[PDB]
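Have a look at model_14.pdb below; it lists PDB, C-alpha atoms (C1' of nucleotides) and all ligand atoms.
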```pdb
ATOM      1  CA  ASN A  46      25.960  -5.232   7.557
ATOM      2  CA  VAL A  47      29.742  -4.842   7.686
ATOM      3  CA  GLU A  48      31.972  -4.216  10.698
ATOM      4  CA  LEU A  49      34.998  -2.045   9.916
ATOM      5  CA  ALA A  50      37.990  -1.904  12.240
ATOM      6  CA  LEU A  51      41.513  -0.600  11.914
ATOM      7  CA  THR A  52      44.047  -2.674  13.770
ATOM      8  CA  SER A  53      45.789  -1.208  16.803
ATOM      9  CA  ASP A  54      48.766  -0.016  14.760
ATOM     10  CA  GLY A  55      46.326   1.326  12.173
ATOM     11  CA  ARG A  56      48.105  -0.359   9.266
ATOM     12  CA  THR A  57      45.452  -2.895   8.229
ATOM     13  CA  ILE A  58      41.692  -2.558   7.930
ATOM     14  CA  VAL A  59      39.681  -5.577   9.057
ATOM     15  CA  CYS A  60      36.224  -6.074   7.575
ATOM     16  CA  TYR A  61      33.840  -8.559   9.169
ATOM     17  CA  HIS A  62      31.015  -9.380   6.748
ATOM     18  CA  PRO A  63      29.106 -12.518   7.707
ATOM     19  CA  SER A  64      26.500 -13.694   5.239
ATOM     20  CA  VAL A  65      23.011 -12.880   6.499
ATOM     21  CA  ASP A  66      20.297 -15.473   5.962
ATOM     22  CA  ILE A  67      16.852 -14.683   4.589
ATOM     23  CA  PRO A  68      14.378 -14.731   7.499
ATOM     24  CA  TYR A  69      11.728 -17.424   7.310
ATOM     25  CA  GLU A  70       9.051 -14.746   7.692
ATOM     26  CA  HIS A  71      10.303 -13.052   4.503
ATOM     27  CA  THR A  72       9.429 -16.060   2.326
ATOM     28  CA  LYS A  73       6.341 -17.471   0.639
ATOM     29  CA  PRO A  74       5.278 -21.128   0.601
ATOM     30  CA  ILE A  75       6.023 -23.088  -2.548
ATOM     31  CA  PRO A  76       3.028 -23.086  -4.921
ATOM     32  CA  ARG A  77       1.682 -26.474  -5.946
ATOM     33  CA  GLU A 104       3.328 -18.976 -40.416
ATOM     34  CA  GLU A 105       6.704 -17.268 -40.111
ATOM     35  CA  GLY A 106       5.228 -13.838 -39.430
ATOM     36  CA  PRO A 107       2.873 -14.831 -36.616
ATOM     37  CA  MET A 108       5.494 -17.203 -35.209
ATOM     38  CA  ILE A 109       8.076 -14.430 -34.992
ATOM     39  CA  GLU A 110       5.515 -12.062 -33.485
ATOM     40  CA  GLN A 111       4.698 -14.694 -30.866
ATOM     41  CA  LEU A 112       8.375 -15.282 -30.084
ATOM     42  CA  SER A 113       9.063 -11.550 -29.848
ATOM     43  CA  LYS A 114       6.145 -11.075 -27.474
ATOM     44  CA  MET A 115       7.215 -14.094 -25.417
ATOM     45  CA  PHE A 116      10.836 -13.030 -24.974
ATOM     46  CA  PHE A 117      10.364  -9.236 -25.071
ATOM     47  CA  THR A 118      12.611  -8.854 -28.102
ATOM     48  CA  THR A 119      12.128  -7.419 -31.563
ATOM     49  CA  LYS A 120      11.310  -9.415 -34.669
ATOM     50  CA  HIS A 121      14.755  -8.988 -36.227
ATOM     51  CA  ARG A 122      16.375 -11.528 -33.921
ATOM     52  CA  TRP A 123      14.226 -14.444 -35.075
ATOM     53  CA  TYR A 124      14.703 -14.146 -38.828
ATOM     54  CA  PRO A 125      17.219 -16.616 -40.275
ATOM     55  CA  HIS A 126      20.659 -15.745 -41.579
ATOM     56  CA  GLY A 127      22.362 -16.649 -44.808
ATOM     57  CA  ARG A 128      24.763 -19.498 -45.326
ATOM     58  CA  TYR A 129      27.688 -17.070 -45.336
ATOM     59  CA  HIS A 130      26.993 -15.864 -41.792
ATOM     60  CA  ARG A 131      26.115 -19.360 -40.599
ATOM     61  CA  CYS A 132      29.402 -20.727 -41.937
ATOM     62  CA  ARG A 133      31.275 -17.825 -40.366
ATOM     63  CA  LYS A 134      29.997 -18.792 -36.916
ATOM     64  CA  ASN A 135      32.553 -20.785 -34.923
ATOM     65  CA  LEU A 136      31.251 -24.218 -33.952
ATOM     66  CA  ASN A 137      34.101 -25.102 -31.549
ATOM     67  CA  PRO A 138      34.489 -21.966 -29.443
ATOM     68  CA  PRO A 139      37.121 -21.876 -26.699
ATOM     69  CA  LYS A 140      35.682 -22.653 -23.283
ATOM     70  CA  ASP A 141      36.943 -21.137 -20.033
ATOM     71  CA  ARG A 142      36.151 -22.660 -16.646
TER      72      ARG A 142
ATOM     73  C1'   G B   1      87.549  18.449 -84.159
ATOM     74  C1'   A B   2      92.432  16.524 -86.816
ATOM     75  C1'   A B   3      97.274  15.226 -88.353
ATOM     76  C1'   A B   4     102.588  14.381 -88.042
ATOM     77  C1'   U B   5     103.968  10.253 -85.039
ATOM     78  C1'   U B   6     102.800   5.007 -82.642
ATOM     79  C1'   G B   7     101.771  -0.100 -84.330
ATOM     80  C1'   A B   8      96.716  -5.250 -82.081
ATOM     81  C1'   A B   9      97.231 -10.612 -82.356
ATOM     82  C1'   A B  10      93.799 -14.238 -83.397
ATOM     83  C1'   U B  11      83.062 -22.729 -82.622
ATOM     84  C1'   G B  12      81.517 -20.603 -78.417
ATOM     85  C1'   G B  13      77.529 -18.393 -74.759
ATOM     86  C1'   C B  14      77.010 -16.162 -66.051
ATOM     87  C1'   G B  15      71.829 -15.582 -74.526
ATOM     88  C1'   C B  16      65.867 -16.545 -74.872
ATOM     89  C1'   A B  17      62.563 -20.983 -73.902
ATOM     90  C1'   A B  18      56.062 -20.147 -77.002
ATOM     91  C1'   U B  19      53.223 -12.574 -74.175
ATOM     92  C1'   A B  20      60.409 -14.575 -74.404
ATOM     93  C1'   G B  21      63.741 -15.322 -78.540
ATOM     94  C1'   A B  22      63.175 -13.478 -85.306
ATOM     95  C1'   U B  23      57.308 -10.507 -87.325
ATOM     96  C1'   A B  24      57.512 -15.609 -88.312
ATOM     97  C1'   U B  25      54.015 -22.308 -87.447
ATOM     98  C1'   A B  26      54.235 -16.615 -91.825
ATOM     99  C1'   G B  27      55.443 -11.961 -94.576
ATOM    100  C1'   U B  28      50.881 -16.585 -94.379
ATOM    101  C1'   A B  29      45.696 -15.326 -92.489
ATOM    102  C1'   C B  30      43.627 -10.869 -92.172
ATOM    103  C1'   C B  31      43.397  -5.300 -93.168
ATOM    104  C1'   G B  32      44.267  -1.541 -97.337
ATOM    105  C1'   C B  33      42.705   0.701-104.245
ATOM    106  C1'   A B  34      47.768   0.935-103.581
ATOM    107  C1'   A B  35      52.488   1.787-101.466
ATOM    108  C1'   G B  36      52.014  -0.626 -97.140
ATOM    109  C1'   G B  37      50.461  -2.871 -92.243
ATOM    110  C1'   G B  38      50.602  -7.540 -90.203
ATOM    111  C1'   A B  39      48.787 -11.741 -86.334
ATOM    112  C1'   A B  40      47.502 -15.707 -83.279
ATOM    113  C1'   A B  41      48.871 -20.441 -81.794
ATOM    114  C1'   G B  42      51.726 -26.395 -79.904
ATOM    115  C1'   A B  43      52.524 -29.253 -75.331
ATOM    116  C1'   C B  44      43.945 -25.592 -57.309
ATOM    117  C1'   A B  45      44.205 -17.119 -60.807
ATOM    118  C1'   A B  46      39.990 -14.403 -61.813
ATOM    119  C1'   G B  47      34.851 -16.234 -62.928
ATOM    120  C1'   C B  48      31.334 -19.514 -61.325
ATOM    121  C1'   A B  49      29.057 -24.092 -58.849
ATOM    122  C1'   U B  50      28.693 -27.069 -54.537
ATOM    123  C1'   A B  51      26.043 -23.197 -51.061
ATOM    124  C1'   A B  52      21.016 -16.482 -52.570
ATOM    125  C1'   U B  53      19.448 -13.366 -48.754
ATOM    126  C1'   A B  54      18.240 -10.784 -42.512
ATOM    127  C1'   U B  55      18.203  -4.094 -39.362
ATOM    128  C1'   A B  56      23.583  -0.718 -39.454
ATOM    129  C1'   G B  57      26.383   1.609 -43.266
ATOM    130  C1'   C B  58      35.156   1.755 -46.814
ATOM    131  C1'   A B  59      32.637  -3.730 -44.644
ATOM    132  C1'   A B  60      37.393  -4.177 -40.981
ATOM    133  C1'   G B  61      39.314  -4.088 -36.083
ATOM    134  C1'   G B  62      38.762  -4.656 -30.610
ATOM    135  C1'   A B  63      36.455  -8.496 -29.318
ATOM    136  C1'   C B  64      33.101 -12.203 -27.691
ATOM    137  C1'   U B  65      30.468 -18.333 -25.319
ATOM    138  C1'   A B  66      28.418 -16.638 -29.790
TER     139        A B  66
HETATM  140 MG    MG C 201      56.649 -14.872 -80.678
HETATM  141 MG    MG C 202      39.023 -19.805 -57.873
END
```
For this file, produce the structure as structure tokens.
Amino acid sequence: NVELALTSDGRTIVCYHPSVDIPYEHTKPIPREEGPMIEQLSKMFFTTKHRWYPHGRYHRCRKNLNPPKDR
RNA sequence: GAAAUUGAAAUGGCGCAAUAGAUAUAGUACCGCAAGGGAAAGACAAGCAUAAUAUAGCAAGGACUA
């Protein structure tokens, strides 16, 4: 849904792209132990087990607790 | 590798500071049958602990919110 148009001199391309709204008809009304724990978490979040095991103090201390923040 | 020949006057350290300077705290201890050999030392390194560990690998780098 974009309108392309060179200008008369042909030196600049003009693109008209209005934002199209979602039609009302295209919408639905609003409705009104360590082992087993890690298996449950992996099933819940569609991950593997390895993510949920802890890490040693060395890794934990290596993690930066005051990371730079942008925007 | 010569000699002939020639004819110099007169308390200190750009030395060390205990692995250095004597081997030297001592020619002792100790070693050797013996001759001999011959030391060491006195005034937050490594290793650990606080705090073991998490898939993958020269152990880092690029990074990354992490
Ligand atoms: Mg000495
Ligand atoms: Mg140390």
For this session: To verify the selection step, state as a list in words which residues the PyMOL selection byres ((chain B) within 12 of (chain A)) yields on this input.
Result: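 Selection result, ordered by chain and number: residues 51, 52, 53, 54, 55, 64, 65 and 66 of chain B.
Put simply, the PyMOL selection byres (((not hetatm)) within 10 of (chain C and resi 202)) in this file takes in residues 44, 45, 46, 47 and 48 of chain B.
Going from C1' of residue 20 (chain B) to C1' of residue 40 (chain B) covers 15.7 Å.
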For this session: Counting all atoms listed in the file, name the residues that have an atom within 9 Å of an atom of ligand MG 201 (chain C); the answer should be given as a list in words.
Result: residues 18, 19, 20, 21, 22, 23 and 24 of chain B
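As for CA of residue 50 (chain A) and CA of residue 67 (chain A), they are spaced 25.9 Å apart.
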What does the PyMOL selection byres (((chain B and resi 38) around 8) and not hetatm) select in this file, as a PDB file with C-alpha atoms (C1' of nucleotides), keeping the file's coordinate frame?
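part.pdb, written as the output of this step:
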```
ATOM      1  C1'   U B  23      57.308 -10.507 -87.325  1.00  0.00           C
ATOM      2  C1'   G B  27      55.443 -11.961 -94.576  1.00  0.00           C
ATOM      3  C1'   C B  30      43.627 -10.869 -92.172  1.00  0.00           C
ATOM      4  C1'   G B  37      50.461  -2.871 -92.243  1.00  0.00           C
ATOM      5  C1'   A B  39      48.787 -11.741 -86.334  1.00  0.00           C
TER       6        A B  39
END
```
Return as lines of an AutoDock Vina configuration file the centre and edge lengths, in Å with one decimal, of the box along x, y and z that encloses every atom of region 75-120 of chain A in the file, padded by 8 Å per side.
```
center_x = 7.1
center_y = -16.9
center_z = -21.5
size_x = 26.9
size_y = 35.1
size_z = 53.9
```
Exercise. Mind pulling up the distance from CA of residue 70 (chain A) to CA of residue 46 (chain A)?
Worked result: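 CA of residue 46 (chain A) sits 19.4 Å away from CA of residue 70 (chain A).
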For this session: Write out as a PyMOL selection string the residues lying within 7 Å of residue 60 (chain A), counting only C-alpha atoms (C1' of nucleotides) and excluding same-chain residues fewer than 5 positions away.
Result: chain A and resi 47-50
